[PDB]
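Quick setup: one chain, the form deposited in one PDB entry, written in structure tokens, and binding and motion questions come after.
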């Protein structure tokens, strides 16, 4: 139903505060992050650099966006410029994230938001072992760039489902674990997810 959709969008834009974190109660916003690797385009064992493509499945809640969907759309697509989005960054990225897909999020009637862009990006990590049976394991650390743990908490197979069958590489395993970083710059602590990409030449 189109008018319903347009009304939901209007509602979302009236209540959405894109530059403000949506803390519910005084708890931090829980953001779920899962990288789905699609391809591995270039590897350099010499420089320890990696060029990759992945779907960054990112979800969280803003209960204030919720509506009653008994007689209306459960979900709509929304431009992320209308929404708050976690300021995630990869601490070992050496190129800026090149978003390859339309910048739309899904908002579910319960206030859940799913943003899943396809990103091409290059990293500085441990490429040693590529041409080995065991293969290399390359570790990507992703976290909020400016919100510490009291403001944002970050939580998280072989990706047979998504990985290209045409890549000069294959994935042996991927694991994602929660992890904390604290830096000389800032007293408050930051949460990251450590994504371990275990892969080898095909």
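Shifts are known only where both forms have a C-alpha. Between two forms, the rigid core is the largest collection of C-alphas that superpose within 1.5 Å. Positions refer to the first chain, counted from 1.
- Notably, residue 158 is an intermittent gap: at least a third of the other compared entries of this protein, restricted to those modelling both its neighbours, have no coordinates for it.
- Remark: stretch with higher mean C-alpha B factor among 173-181 and 140-148 is 173-181.
- Annotation for 120-128 versus 81-89: the higher mean temperature factor (C-alpha) is found in 120-128.
- Sort the chain's modelled residues by C-alpha temperature factor and residue 162 lands in the highest third, per the entry.
- Split the chain's modelled residues into thirds by C-alpha temperature factor. Residue 13 is in the lowest one.
- Residue 70: CA B factor in the highest third of modelled residues in this chain (values from the PDB entry).
- Split the chain's modelled residues into thirds by C-alpha temperature factor. Residue 7 is in the lowest one.
- When the CA B factors of the chain's modelled residues are split into thirds, the value for residue 51 lands in the lowest one.
Although it is not shown, the form deposited with a partner chain bound is what the next lines describe.
- Core-based superposition between this form and the one not shown leaves all of 39, 48, 57, 69 but one with CA shifts under 2 Å; the exception is 48.
- After superposition on the rigid core, the Cα atom of residue 101 is displaced by less than 2 Å between this form and the one not shown.
- Taking the rigid core as fixed, one finds a CA shift for residue 86 smaller than 2 Å between this form and the one not shown.
- Taking the rigid core as fixed, one finds a CA shift for residue 182 of 2 Å or more between this form and the one not shown.
- 43-48, 125-129, 131-134, 157-159, 180-189 make up the set of runs between this form and the one not shown where every Cα shifts by 2 Å or more, each run at least three residues long, with the core as reference frame.
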